[PDB]
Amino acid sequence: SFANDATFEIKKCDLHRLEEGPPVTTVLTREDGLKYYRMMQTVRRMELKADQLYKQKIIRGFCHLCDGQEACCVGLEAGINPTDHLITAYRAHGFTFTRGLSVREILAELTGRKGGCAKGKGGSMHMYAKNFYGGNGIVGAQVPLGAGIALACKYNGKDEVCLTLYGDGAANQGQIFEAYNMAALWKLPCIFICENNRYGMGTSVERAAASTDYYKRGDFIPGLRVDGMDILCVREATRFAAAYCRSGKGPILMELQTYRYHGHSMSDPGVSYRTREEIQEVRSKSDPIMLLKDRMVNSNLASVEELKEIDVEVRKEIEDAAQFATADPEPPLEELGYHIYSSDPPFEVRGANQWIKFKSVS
């Protein structure tokens, strides 16, 4: 009945200081397709749910959604090992899930309850997981950190690599350039990834960068530009970049051309610097979930009915997770001073006045 695997054509990557790039043809098994589809769908529904909870004021402060960029987190995960490392900025709900955290833990952290992955201490921007280092709020700060994690990989000789992600807006931060230099100087297994969604908050790439060829900003470091809406292209480029780094050749730059459907954050309607027609055009022409779906249905890797059933299962998983995140209690006030220092005996911490004391345990 169903094909067990199918070959597809993927866009050729633009190269910088590379003789040859990833292959322009790849094989997708039915088993992998089903996994990728379910994963992207979960990320998609989780973000639409976060949006709803935010409007209801269940979620506070910052809340950056990644819908439209699902091919990036799922495609990246598909190209690396669970033992590999990854770090990114604040738009990391998708990455937290692909790296192993349940939808429940994630939504519970967004709603600031005790059951959150951080127990309501960090919120939307600061989530950690196995070999996932955030989830960082200061633009560009995560790049030198990723180089540091890559240094540790080399130092311990484990043959693992580190994926360091940053946006187009962050590509103009000076520390990113100090990082390129050191990574190349010490040949660190660092994969520098620029997620280019065309806008730095409200500023388009052309108004913020003198040069919009992000994959070549590394100069002496080789790079490649990839189609960030095609899960298969991302997976292929990632497998290529990872193998490049594991062979000891040093760092490499990867530019993912993608797009975000929502504004910069929940407080930005995202229409003062771009039109509604543009957003819908990208959606109808290249929604990553739609593209994978059409591929699998056409190649008979899966039926339109099976994919529909998966959607139903995902929607229920999301709903049950949201129920848990809105019913779960807040962290008790008595643990406010907890985890200031690691491996230290208990001590007291001052509150709003000298008569208010909070216990602090590691």
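Sequential numbering from 1, following the sequence displayed.
Compared with other PDB entries of the same protein, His264 is missing from at least a third of those that resolve the residues around it.
Checked against the other entries of this protein, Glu206 counts as unresolved in at least one third of those spanning it.
Legend: mean Cα B-factor per stretch from the PDB entry, 141-149 versus 209-217; the higher mean is in 209-217. Checked against the record, the higher mean CA B factor of 305-313 and 42-50 lies with 305-313.
Across the residues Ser265, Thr88, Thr83, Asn196, the deposited record lists the maximum Cα B factor for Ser265.
Highest CA B-factor among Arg276, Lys187, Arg225, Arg260, as stated in the entry: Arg276. When the CA B factors of the chain's modelled residues are split into thirds, the value for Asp230 lands in the middle one. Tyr244 sits in the middle third of its chain by CA B factor, as recorded in the PDB entry. Per the PDB record, residue ranking by Cα B-factor puts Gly33 in the middle third of the chain. Sort the chain's modelled residues by C-alpha temperature factor and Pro329 lands in the highest third, per the entry.
Split the chain's modelled residues into thirds by C-alpha temperature factor. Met127 is in the highest one.
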